[PDB]
């Protein structure tokens, strides 16, 4: 009963790190994710992780408050980096070899994203955190996830969410919605389901980047997914 993936791209949204107040970072959560990621690395899995920033800032939201869209998306990106810092530290304190790279060159705090070094690091059993997303405004860390996954030739992008997977509708606002166990792009687009930003998904589809949606707040789920069990939704075609 060994793992069914060699290299994966873990997409961690900003919310995932949110405590109970709705903002910031919750030390306890980070530590738990570190233990889970750790188990995967021990299991011989090469882990790349793209983190979001919803717990701190979103360019759109700021833009609405009157701020320039580009600068909003910049601050939002810096936020992803601020999260990566937290994730990395947790990994380190748990004695897991990891390194933070940023699309937005941030000398001192971490090194800049380098596809070459990224791969080398991956082939050396080190967790590689890709913050600052794609580095461009008008994009979501989800795109970053798909882009970085195609780049590092990940076997699959695991989209962590506070939900067991993809439902016929929002399973928290419509007690009728049912989860899917298997899905294909054409279907997701056909029935117009919510998996992620269209651009990021279009890209994943264009390169047949399998996507799996699972719940990150469900202890063990991560492991079950990589160990090929019944967890969340699978997206391919």
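Numbering follows the first chain given and starts at 1.
Asks: Take the C-alpha B-factors listed in the entry for 197 to 205 and for 30 to 38, compute each mean, and give the stretch with the larger one.
Replies: Per the deposited B-factors, the answer is 197 to 205.
Asks: Taking the mean of the C-alpha B-factors per stretch from the entry, tell me the winner out of 111 to 119 and 127 to 135.
Replies: Between 127 to 135 and 111 to 119, it is 111 to 119 that shows the higher mean C-alpha B-factor.
Asks: I'd like to know which of 76, 105, 84, 149 has the highest C-alpha temperature factor in the PDB entry.
Replies: The C-alpha B-factor peaks, among 76, 105, 84, 149, at 105.
Asks: Between 210, 53, 59, 175, which one tops the list for C-alpha B-factor in the PDB entry?
Replies: The record points to 175.
Asks: By its CA B factor, does residue 168 count among the lowest, middle or highest third of the modelled residues in the chain?
Replies: Ranked within chain, residue 168 CA B lands in the highest tercile.
Asks: Check where residue 161 lands among this chain's C-alpha B-factors and tell me if it's the lowest, middle or highest third.
Replies: Ranked within chain, residue 161 CA B lands in the highest tercile.
Asks: Sort the modelled residues of this chain by their C-alpha B factor and say whether residue 234 lands in the lowest, middle or highest third.
Replies: It falls in the middle third of the chain.
Asks: Residue 12's Cα B-factor: lowest, middle or highest third of the chain?
Replies: Middle third by C-alpha B-factor.
Asks: Would you please rank residue 70 by its C-alpha temperature factor against the other modelled residues of its chain and give the third it falls in: lowest, middle or highest?
Replies: Ranked within chain, residue 70 CA B lands in the lowest tercile.
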